[PDB]
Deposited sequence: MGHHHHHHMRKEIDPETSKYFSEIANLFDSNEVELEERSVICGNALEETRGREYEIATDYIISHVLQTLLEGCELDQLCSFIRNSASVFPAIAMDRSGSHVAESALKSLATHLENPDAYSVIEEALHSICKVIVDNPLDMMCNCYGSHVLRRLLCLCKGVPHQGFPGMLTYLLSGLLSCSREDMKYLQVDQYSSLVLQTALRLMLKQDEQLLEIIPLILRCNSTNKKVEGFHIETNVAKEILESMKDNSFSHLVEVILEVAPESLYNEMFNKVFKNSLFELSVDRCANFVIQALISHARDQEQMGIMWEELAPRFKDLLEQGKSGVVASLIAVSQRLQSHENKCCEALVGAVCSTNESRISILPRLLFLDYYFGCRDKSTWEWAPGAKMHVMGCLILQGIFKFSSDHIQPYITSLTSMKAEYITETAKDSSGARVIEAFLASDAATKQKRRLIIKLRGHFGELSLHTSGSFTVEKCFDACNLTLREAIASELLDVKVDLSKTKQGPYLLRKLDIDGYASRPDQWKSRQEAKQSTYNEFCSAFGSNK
């Protein structure tokens, strides 16, 4: 593009840099500048420098000009959207329209803008769907059509999304494994959540199976693509949004009898987590348990802890196999009867235990970060009722004081202790653990996660231990007040009241039985 044009858009940018221009003037200048793009929208939106100015113009103009720009650039909009600079010009146009959604008077004008864009996309969509830049434009455009519940454009969402899915089954087979087309479909799927009528139209298109039934050869192909990084991400979202009838058919024809081999794949195991999390009924819980529970030790040992966390969670939600689940986990981590007192530390440091040299002497991992998914599993465990988790409660409450304080100071382990304080273990078991934290509520309050742990302990205590925690928080009132959660904790526990009028503080705390 010529210097007259570059200088012009540079000069407009400098005029906005120098914030000597009000808001009503800004939007008129933005509008007047957009006109200077008529007939060279592709050239200007894709220039590595001027594109940034054009963004500023689009996010600052008035609706009637924004729509003029969209209307005039529509025949070149896919080319803009697939350009590494134009794609942000295209998204700036969409973000701009999005700012008028909550204005009810703009509907028909926006809708026409969206229509001109969707028509040129739907006429030739596959390259844009697989393009790294164009896929972002599509993902944003899909969200814009869905909008918010006040103003949305449902017919546009459907019109657009149908264009994207109306290719050959062989084309669709390669949409499934392309990262960027996969991301596009993932967005569309979530936007159609709870739209059972439309979900039942599109999921079979994406899976290439044309009641809803998967044929035996289609299942094989689906199954065989499951280890792919892009398809696996797509099927995760399919399982999240799939209506019941469709979930059941995918459970039986695709996943039944391949659960364990899928669970050990570095990509597919996440499909399996999604499948577990969205199981529907008793029979399904059974089938999953038979194929997977005998292999719990495999799953933790091969770095696939999330499968076990999912089995634990759906066990609660379906109220099935709770005891079998808990017991299966102990046996996986503690083989000899003697070592079942170590269930807690071995899960707190899941990766350090399964990876140490000599397992029969591993006790702890001093000063190390505790294991995120291990601790998530324990949080899971402590939502079961006390009937099912007696080894877990005994193990936690039997840890020596310095291990328990290490756990509370760990921002994953503290969530374990808190899940335990919220469980239905006996108050005396809870009290025994809290007492071993004595002498450390001071340092614990000072960190941000620990501040939560101090209050949740306090809430579970008798007066004797409320008064002890309170005196500990008092020795550190200065440092604690100068932290982020500190002032809340000092106020929520009424620490100033405790130092000034100890008798009155005690009497107001005891009045909470």
* Asked: Counting from 1 along the deposited sequence, which stretches were left out of the model?
  -> 1-12, 223-229, 533-546
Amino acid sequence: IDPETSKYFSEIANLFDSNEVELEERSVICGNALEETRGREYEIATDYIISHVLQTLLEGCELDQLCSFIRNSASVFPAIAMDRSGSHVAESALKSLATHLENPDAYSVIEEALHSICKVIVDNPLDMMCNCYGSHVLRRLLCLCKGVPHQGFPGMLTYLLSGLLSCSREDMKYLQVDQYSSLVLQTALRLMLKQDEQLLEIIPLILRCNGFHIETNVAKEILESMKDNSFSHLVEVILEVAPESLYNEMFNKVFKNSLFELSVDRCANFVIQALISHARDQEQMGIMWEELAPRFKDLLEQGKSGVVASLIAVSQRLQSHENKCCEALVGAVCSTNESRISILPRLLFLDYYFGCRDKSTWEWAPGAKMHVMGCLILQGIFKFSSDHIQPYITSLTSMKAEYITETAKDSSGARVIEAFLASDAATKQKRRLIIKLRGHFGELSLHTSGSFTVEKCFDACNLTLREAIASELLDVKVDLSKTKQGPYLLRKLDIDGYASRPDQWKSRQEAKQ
From here on, numbers count along this sequence of modelled residues.
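Between two forms, the rigid core is the largest collection of C-alphas that superpose within 1.5 Å.
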* Asked: Superpose by the rigid core: which stretch, 102-110 or 258-266, shows more Cα shift in 4 other deposited structures of this protein?
  -> 102-110
* Would you say which of 321-329 and 140-148 moves more relative to the shown form in 4 other deposited structures of this protein, going by RMS C-alpha distance with the core superposed? => 140-148
* Comparing 223-231 with 293-301, where is the mean C-alpha B-factor higher? -> 293-301
* Asked: Is the mean CA B factor in the deposited entry higher across 94-102 or across 113-121?
  -> 94-102
* To do: Have a look at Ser339, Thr407, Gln390, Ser423 and flag the one whose Cα has the highest B-factor in the entry.
  => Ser339
* What's the residue among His88, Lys324, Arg208, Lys428 with the greatest CA temperature factor in the PDB record? -> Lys324
* Structure fact -> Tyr48: CA B-factor among chain residues, third -> lowest
* Relative to the other modelled residues in the chain, which third contains the C-alpha temperature factor of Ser335: lowest, middle or highest? -> highest
* Third of the chain, ranked by Cα B-factor, where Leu446 sits -> highest
* Asked: How does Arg139 rank on Cα B-factor within its chain, lowest, middle or highest third?
  -> lowest
* Asked: Within this chain, which third does the Cα B-factor at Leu473 fall in: lowest, middle or highest?
  -> middle
